[PDB]
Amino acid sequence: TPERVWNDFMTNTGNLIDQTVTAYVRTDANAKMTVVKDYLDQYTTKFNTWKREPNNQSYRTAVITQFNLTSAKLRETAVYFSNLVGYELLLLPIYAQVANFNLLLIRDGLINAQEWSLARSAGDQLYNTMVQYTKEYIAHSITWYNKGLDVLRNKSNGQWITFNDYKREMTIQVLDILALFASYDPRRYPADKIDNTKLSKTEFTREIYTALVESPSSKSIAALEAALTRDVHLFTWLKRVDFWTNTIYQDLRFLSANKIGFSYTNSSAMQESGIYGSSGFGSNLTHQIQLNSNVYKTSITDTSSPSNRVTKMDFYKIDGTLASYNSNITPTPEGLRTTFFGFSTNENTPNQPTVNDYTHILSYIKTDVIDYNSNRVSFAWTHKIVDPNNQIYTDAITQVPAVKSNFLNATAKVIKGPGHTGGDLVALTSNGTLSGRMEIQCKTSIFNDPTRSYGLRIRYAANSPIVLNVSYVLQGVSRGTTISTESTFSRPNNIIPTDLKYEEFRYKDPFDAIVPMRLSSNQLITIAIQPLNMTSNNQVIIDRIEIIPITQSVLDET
């Protein structure tokens, strides 16, 4: 009775013999990871010892020696996990973990390169290695994530639920990790002087989905994907959920449709979605629930046969309250079942997190009719790490993904991210006359200084040197500048890239230590980016803007 895991479908699972060997591969892999962790423990112990007495030659030699051994072991393990043919997909999650550790360790070596070396500045070679490895690890992960996706997508009578299960697990266990790599570059993101383990916080803006779907389903993966998931969009915050009920027959009252009230980041306007489901004759709006608090867990109750006839949905809010949709069907139907959805750090409570261990909050709901009275209901979730105020930290580089903008003009649109950026991107294009414009509103933190200086950096991709107008508005007053992008990528026929690589993202600093943004305490800042007279084939794709506190160190570095 070999154990089965969600990502073992590319191995031979048709027989007990192969399944047993696969089980061994997993067991050996875990043992190798325990060895990796022991090497890391040895490094940390010697590192801490050295830090307490930096001038001790013996401590210095010991940590350098351990750094070299541990670094070699991490790299070797990543190579092994990505080169055991036939098990690439199976080992992708553990590979991502070791790759993650490998890069974090190298970051440590770069931070202390000067102190450890005698000639100093010997971090150049190690830096090139870090960049090379970052590219390799992301490339391998994206390649295999997509290979597995294609396998499930083209599977005969493929089931969408399995396809989605895969995307969700890969996002949580692999893709989210890849998104952290950019922040590990210590030259791009200097380490906190007091606590080197601190990192510029990376946000994962992508949405993952959970859904109640009939099983088996005869609807295609493509059809269900379009009906149950959202097309690319600016990050939204869930504010209200409307529900319709079929009310013609009281003993057959079930959910019939839903609508969503939502808002963009730091926007005072309420957006309204279209209606999902059936809202015609006999289907009436019966509920309008204001979700004033984040929802960290939901449950849905439906009949078993026929399935998917929904009588209730519960929404658990972080403020401890519960909101619910009830069809008020009477009498109560037979065979009701309740399914929970949510994400927890506790492996023991998979779909039932508590207010203390949830990792995602509800962002959307879509209803898709199967037959009269029966529907598939999907729940979209966003990572709890996303800041609803686009707050600018006083003590670290603040990352604010471009999808958290609250304004896009006609030639600015959200496009699908490549998979390693943590979410989607904003493409600024030109129809020949109008150039794409994005506006993102951020909130400064509370501080005593009359004003503080901050640099403004942009992580982007561009297919040509394009002049950008970048500005920031504070208290009705706008200040701007111009800066040109470099050509970071090229694609045949200049089609919007769906496969941007890590190396195709670069950085530009419209505002810096010389001419920084001068911001006051606890104010709403409007930052805007818009190309200046750009051609119809030129493209500027923004991943995120970054706000950099201008300190003495940043000043000298610049």
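Throughout, we count residues from 1 along the sequence that is shown.
Higher mean CA temperature factor between 464-472 and 162-170: 464-472, per the PDB entry.
14-22 and 546-554 differ in mean CA B-factor, and the higher of the two is recorded for 546-554. Based on the entry's C-alpha B-factors, the most elevated value among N375, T451, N389, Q290 belongs to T451.
Note on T421, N406, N431, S299: the highest value goes to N431, judged by CA B factor as recorded. Sort the chain's modelled residues by C-alpha temperature factor and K32 lands in the lowest third, per the entry.
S521: CA B factor in the middle third of modelled residues in this chain (values from the PDB entry). Among all modelled residues in this chain, the alpha-carbon of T129 has a temperature factor (C-alpha) in the middle third.
Among the modelled residues of its chain, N246 has a C-alpha B-factor that falls in the middle third, as given in the PDB entry. Residue-level temperature factors show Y316 in the lowest third of its chain, judged at the C-alpha atom.
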